[PDB]
Amino acid sequence: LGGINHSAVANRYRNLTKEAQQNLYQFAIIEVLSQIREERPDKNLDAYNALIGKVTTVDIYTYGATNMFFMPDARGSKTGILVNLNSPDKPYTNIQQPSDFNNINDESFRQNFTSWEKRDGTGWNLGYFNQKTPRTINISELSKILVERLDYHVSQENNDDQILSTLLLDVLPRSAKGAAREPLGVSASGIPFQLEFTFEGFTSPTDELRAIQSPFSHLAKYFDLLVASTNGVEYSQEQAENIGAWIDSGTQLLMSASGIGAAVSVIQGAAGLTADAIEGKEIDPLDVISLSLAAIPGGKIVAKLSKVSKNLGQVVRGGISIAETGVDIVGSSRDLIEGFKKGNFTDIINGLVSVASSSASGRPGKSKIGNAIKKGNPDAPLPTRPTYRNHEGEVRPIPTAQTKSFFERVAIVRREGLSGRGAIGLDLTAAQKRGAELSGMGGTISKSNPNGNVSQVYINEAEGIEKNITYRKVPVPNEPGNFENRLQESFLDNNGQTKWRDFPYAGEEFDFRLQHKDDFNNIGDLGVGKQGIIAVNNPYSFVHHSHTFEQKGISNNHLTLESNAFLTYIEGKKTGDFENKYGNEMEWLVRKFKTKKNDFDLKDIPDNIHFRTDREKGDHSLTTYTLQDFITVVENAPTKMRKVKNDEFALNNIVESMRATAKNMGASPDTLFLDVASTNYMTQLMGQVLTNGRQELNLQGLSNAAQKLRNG
Ligand SMILES: [Mg+2]
């Protein structure tokens with residue numbers, strides 16, 4: 001499945017400067033001279049030295065023949081050595097007598113002649129070289145003449161790309177070998193010892209051409225070096241989406257990055273996805289594709305293929321791109337299949353999976369990903385990035401396919417998969433949803449669900465299983481008398497009795513909480529004198545609303561900000577590395593919902609902070625500072641909060657939680673005012689969050705800061 005992409009080979013060669021092409025031929029010659037030298041007794045370095053810049057003179061005969069020349073054994077001699085730089089097996093032949101020319105008949109010689117010229121050899125052979133008298137040049141002029149001969153040969157023929165790739169098949173690996181012999185590195189623009197290069201890892205000549213656009217192509221590395229020898233960059237979202245490098249397949253594979261053997265599943269899933277695309281003829285063997293492995297919030301990874309936009313320009317080389325969210329493996333589809341067969345992507349995919357493993361954000365960051373890749377190989381460079389040539393001839397790295405919209409697309413597909421649950425959904429009133437009703441949240445009230453919290457169908461995308469989840473009030477399994485809230489799944493035992501169990505691990509509760517991020521439960525109490533505490537599922541929520549049920553309606557309705565939970569989380573996120581500071585972030589957020597206000601790592605704020613509307617305030621005095629002012633500043637993440645903004649997923653959910661909570665209590669951020677009694681708590685909190693406690697803030701300063709943000 002494939003053959004050689006001749007234009008990809010030919011493009012690499014054609015886009016070299018003339019100087020770099022001469023150098024390529026020069027290194028090929030050097031390789032063949034080394035072979036001649038070692039295989040002969042005297043060990044003369046004349047040709048070697050007269051070529052490698054000694055001022056002794058060495059005669060060469062040139063021919064109307066590509067890749068070929070003669071090294072006479074003496075001035076004007078008809079005997080010596082015939083060189084064919086493109087011959088698999090006879091790169092040099094000793095010509096001791098005329099008849100030696102007659103015995104040369106292989107296609108690797110015949111190919112070096114144009115269609116027009118090929119007839120000269122008659123049963124084809126080089127016997128006719130005996131009647132011709134070639135011109136003599138000094139050897140220092142040879143690589144130039146060979147370059148000009150190849151250009152002419154290509155111009156004499158109609159099939160430019162194929163003739164070019166054929167005529168270079170065996171020249172290129174010899175050139176690469178010649179370059180690896182260059183002591184202490186190849187020169188860059190007249191400066192010696194600049195460019196390290198080894199021949200190790202090269203496959204057969206044909207396989208190197210087959211793999212020219214593959215991620216670790218050795219020949220692409222050699223071409224890149226030749227470009228660097230003669231002279232000699234990171235993207236933003238607008239530039240990327242303006243470049244439009246990648247076209248979605250429209251199909252994706254969502255997998256878990258956690259659990260033992262997750263990495264094996266990801267590798268197999270990704271190789272599987274590539275194999276299916278080739279069979280279904282969505283993708284051709286030689287098409288350049290980006291296999292994206294992108295982390296997804298909740299410790300998941302999506303594999304998704306993209307085909308390169310033909311609008312982009314020429315693809316120069318495949319490679320590995322590292323995004324903040326994952327890696328892309330770029331090469332021809334056939335290169336990716338072969339690479340999977342060989343295990344070439346295993347260190348990369350192991351590294352990525354280990355850091356996506358239990359990521360709340362699906363955003364381990366470029367540095368963590370890069371480090372995890374280099375872990376499976378002491379401390380090497382980062383893998384070479386794929387590159388393309390734009391319309392004006394500039395070679396640039398290809399942007400990642402893991403753009404903003406890419407993830408929007410991923411989210412759409414997932415949500416279409418989630419559209420068949422809950423036979424008939426319950427038809428609840430706004431008052432029931434606000435938790436204002438004595439009858440409960442709309443579920444059926446029972447002993448272990450006294451609040452009547454509504455059951456929810458959790459679709460476990462991994463297990464392919466549906467679970468029914470209710471936020472229930474259960475005994476604190478030790479101390480009698482007190483109860484706590486827990487999300488639990490119901491199931492039938494052997495006898496048809498309904499039993500209940502916890503989420504087995506934080507990851508699953510986290511995913512449930514995201515999937516049902518908009519729903520509220522009463523985690524407080526229910527009855528006439530009692531405090532209902534109404535809280536959204538969103539795992540990034542640091543607020544809730546609450547009230548006391550009256551004989552009719554409610555009273556003391558207010559929004560509460562969870563000061564220390566918020567403080568601790570933000571201080572953690574402020575470091576830029578939450579995991580380093582506190583645990584697994586996913587575990588931290590799930591655990592937050594079970595933790596009381598004064599039981600977080602930070603306990604600095606003496607109480608929770610309260611906002612209420614003017615009309616509902618009762619006898620609470622209000623400030624003119626609004627939840628909206630708070631949200632505006634939080635959303636902007638200024639000054640010491642700046643790094644929180646690196647995790648947009650977390651920050652958007654924090655804000656959206658706040659807005660949903662304001663709305664659900666029948667209010668809005670601009671109609672919710674901070675209690676006078678919360679003043680000091682708020683200024684202390686923001687002072688710390690925004691300035692590390694270096695600046696004393698007041699509410700007016702906080703309101704003005706919000707005002708400044710809306711003005712811009
Ligand atoms: Mg032509």
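Count residues from 1 along the sequence.
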side-chain hydrogen bond (donor to acceptor under 3.5 Å, both in side chains) with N557: of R612, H547, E616, only one passes, and it is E616
Can you confirm whether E463 is buried at CD, in the sense that more than 12 heavy atoms of other residues, nucleotides or ligands lie under 6.0 Å from that atom?
yes
Over 12 non-hydrogen atoms of neighbours within 6.0 angstrom of CG in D427:
no
For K300 and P297, indicate whether the former's side chain and the latter's backbone hold a donor-acceptor pair under 3.5 Å.
no
OG/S657 to NZ/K517 distance, rounded to the nearest 0.5 angstrom?
8.0 Å
Would you say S555 and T548 are linked by a side-chain donor-acceptor pair, where the criterion is simply a distance under 3.5 Å?
yes
Assess whether a salt bridge exists between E461 and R414, defined as any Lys/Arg side-chain N lying under 4.0 Å from an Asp/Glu carboxylate O.
yes
Donor-acceptor contact present, side-chain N698 to main-chain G701, <3.5 Å:
yes
Side-chain touch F491/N468, heavy atoms, less than 4.5 angstrom
no
Atom pair CZ/OH of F510 and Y540 - distance to nearest 0.5 Å:
3.5 Å
Of all pairs that satisfy ring-ring contact (aromatic ring centres under 6.0 Å, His included), the ones with a partner from residues 440-472, not counting sequence neighbours:
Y458-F503, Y458-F512
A262 versus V353, closest heavy-atom pair with distance
CB-CG1, 4.1 Å
Is it true that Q432 and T429 share a donor-acceptor pair across their side chains at a distance under 3.5 Å?
no
So, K473 and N453: side-chain donor and acceptor under 3.5 Å apart, yes or no?
no
Checking the side chain of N460 only, and the main-chain atoms of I465 only, is there a donor and an acceptor separated by less than 3.5 Å?
no
Which atoms form the tightest heavy-atom contact between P364 and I369, and what is the distance?
CB-CG1, 4.2 Å
Pairwise distance OG(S306) to CG(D248) - rounded to 0.5 angstrom:
5.0 Å
Does the side chain of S405 pick up a donor-acceptor pair with the side chain of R409 at under 3.5 Å?
yes
Between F593 and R513, is there a cation-pi geometry (under 6.0 Å to ring centre, at most 45° from the normal)?
yes
Taking CD in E648 as the centre, count heavy atoms belonging to other residues, nucleotides or ligands within less than 6.0 Å. Is the count above 12?
no
Might you point out which heavy atoms bring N449 and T470 nearest each other, and give the distance in Å?
ND2-CG2, 3.7 Å
Counting only heavy atoms not in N680, do more than 12 fall under 6.0 Å of its CG?
no
Does the side chain of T251 pick up a donor-acceptor pair with the side chain of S249 at under 3.5 Å?
no
Is there a side-chain contact (heavy atoms from CB on, under 4.5 Å) between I373 and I322 once you walk through the steps?
CA-CA 10 Å; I373 282 169; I322 292 166; 3.9 Å; yes
State whether a side-chain donor-acceptor pair under 3.5 Å links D328 with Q402.
yes
Looking at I533, is its backbone amide N or carbonyl O close enough to the side chain of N522 to form a donor-acceptor pair, meaning the two atoms are under 3.5 Å apart?
yes
NZ (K597) with more than 12 external heavy atoms under 6.0 Å:
yes
Quick one, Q684 and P606 - any side-chain contact, counting heavy atoms below 4.5 Å?
yes
So, for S439 and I445, which heavy atoms are closest and what is the spacing to 0.1 Å?
O-CD1, 3.2 Å
Could you walk me through whether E635 and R659 pass the salt bridge (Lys or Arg N to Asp or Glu O under 4.0 Å) check?
CA-CA 12 Å; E635 189 175 34; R659 285 173 181 162; 3.7 Å; yes
With no hydrogens and no angle check, is any side-chain donor or acceptor of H516 less than 3.5 Å from a backbone partner on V457?
yes
Distance-only, no hydrogens or angles: does the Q252 side chain make a donor-acceptor pair with backbone N or O of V410 under 3.5 Å?
yes
Parallel, tilted or perpendicular for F520 and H545, by the 30°/60° rule?
tilted
Are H544 and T661 linked by a side-chain donor-acceptor pair shorter than 3.5 Å?
no
Looking at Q551, I want to see if its CD is surrounded by more than 12 non-hydrogen atoms of other residues, nucleotides or ligands under 6.0 Å.
no
Once you measure the plane-to-plane angle for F611 and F630, does it fall in the parallel (<30°), tilted (30-60°) or perpendicular (>60°) bin?
tilted
Can you tell me how far apart CD1 (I609) and NE2 (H558) are? Round to the nearest 0.5 Å.
12.5 Å
Would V536 and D518 satisfy side-chain contact (heavy atoms from CB on, under 4.5 Å), going step by step from the backbone distance to the final call?
CA-CA 6 Å; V536 78; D518 304 310; 5.5 Å; no
Please confirm whether the backbone N or O of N636 pairs with a side-chain atom of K645, one donor and one acceptor, at under 3.5 Å?
yes
Residues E234, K366: salt bridge by 4.0 Å N-O rule
yes
Check ion pair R710-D629 (N to O, under 4.0 angstrom):
yes
For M665 and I534: C-alpha separation, side-chain torsions, deciding distance, then whether side-chain contact (heavy atoms from CB on, under 4.5 Å) applies.
CA-CA 9 Å; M665 67 179 287; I534 319 291; over 6 Å; no
So which heavy atom on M658 is nearest to which on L559, and how close?
O-CD1, 4.3 Å
Residues, nucleotides or ligands: over 12 heavy atoms within 6.0 Å of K603 NZ
yes
Mark yes or no for whether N584, through its side chain, and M586, through its backbone, hold a donor-acceptor pair below 3.5 Å.
yes
Do the two ring centres, one from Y569 and one from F578, sit under 6.0 Å apart?
yes
When you check the gap from the basic side-chain N to the acidic O, do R363 and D647 get nearer than 4.0 Å?
no
Only pairs at least two apart or in different chains count here, so list each ring-ring contact (aromatic ring centres under 6.0 Å, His included) that has a residue in residues 671-704.
none
I'd like to know if the side chain of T568 reaches the main chain of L602, judged simply by a donor and an acceptor atom lying under 3.5 Å from each other, with no hydrogens or angles considered.
yes
Atom CD of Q239 with >12 non-hydrogen neighbours under 6.0 angstrom:
yes
With a 3.5 Å distance limit and no angle check, can you tell me whether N485 reaches the backbone of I523 through a side-chain donor-acceptor pair?
yes
In Å and rounded to the nearest 0.5 Å, what is the CG to CE distance from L426 to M441?
12.5 Å
State, to 0.1 Å, how close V454 and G442 come at their nearest heavy-atom pair, and which atoms those are.
CG2-C, 3.8 Å
